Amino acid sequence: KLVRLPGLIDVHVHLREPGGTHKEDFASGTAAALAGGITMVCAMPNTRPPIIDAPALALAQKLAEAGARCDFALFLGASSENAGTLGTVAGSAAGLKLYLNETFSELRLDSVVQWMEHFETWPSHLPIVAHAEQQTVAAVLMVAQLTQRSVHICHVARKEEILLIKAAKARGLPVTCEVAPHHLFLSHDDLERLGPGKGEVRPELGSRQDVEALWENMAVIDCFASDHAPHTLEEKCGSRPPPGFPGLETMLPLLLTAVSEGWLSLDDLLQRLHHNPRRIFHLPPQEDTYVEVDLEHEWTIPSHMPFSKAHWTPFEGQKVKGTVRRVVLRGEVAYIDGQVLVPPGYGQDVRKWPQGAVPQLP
């Protein structure tokens, strides 16, 4: 007896194309998405070249249209030079991403004044999302209030962060947030097993108190999103390991396991992987699209999942319950029991659909 779910949406993935295609490309990353029950992804802009101008966005659009197997939207990235220059292409993007801390990116903003300039110039009806850790969450919330608009906080990982966001929501401030599976299912207790290279990620893994605070404050979490951040094992275990975990293929099984344990309901899961991503990012429905899962199947995560070119996973050895059996995307079987059945290029840019534009005042 399978359970039918709507097409799930991951609003935070790194697909590495252009420029990092040994780690992942659109074809392999969207295969990973479909195998994880994800039919729409929003791809981050920290590629090479980074997606920080109209020519880079145009390149990325064609690469994604040619390689993606599921539907997608592409983020633009804020830089120290492009505030006030993105107005003609802003509506074609998922949103604007701000990198406000040190991580796998060159998109460094050196001054809060640059954050203000982006909040002032980016169209006010379009999404802004931020990599903002610890006190940076409070700082970017202040910039959002000064400019009288909303902000979405990426991968919240700490008790400090979720309680700050909780207090802001209690005051009626327009802030939403997402949490990634590794900050719900891994902690400091796992760093001995992982080692210092594999264990590198931003935000770093939290304490058991951080993990418990996120679960206790589930009502504050608007979205789950993988922050699928693939790097090869050689890179993770070399002299200067880049931060990040692959996660598209393990997100839904981990969360289904939590549903089976009673840690959250199926509705809680569908709000955070379908309805709230749609409404925060104004992402369109996908016609004739659904995911069939087997909630009874018990298995152990192996040393690598089938599709991501990362070819490793920090969840190796975890016992899970629940698996994706079949995905249908816009009327075509896209995935069955380990086989992807739509080719590279089947996926489309949802911001080009009439129903996928963000409504705005004239």
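Counting begins at 1, following the sequence as shown.
Relative to its counterpart among 283 to 291 and 150 to 158, 283 to 291 has the higher mean temperature factor, C-alpha atoms as listed in the PDB entry. For the pair 63 to 71 and 296 to 304, the mean Cα B-factor is higher in 296 to 304.
Per the PDB entry, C237 shows the highest C-alpha temperature factor of the residues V140, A225, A78, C237. As recorded in the PDB entry, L191 shows the highest C-alpha B-factor of the residues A94, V129, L191, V211.
Per-chain ranking of the deposited C-alpha B factor places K169 in the middle third. In the PDB entry, a CA B factor belonging to the lowest third of its chain's modelled residues is recorded for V13. The PDB entry assigns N276 a C-alpha temperature factor belonging to the lowest third of its chain's modelled residues. The deposited CA B-factor of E117 belongs to the middle third of values across its chain. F185: CA B factor lies in the middle third for its chain, per the PDB record.
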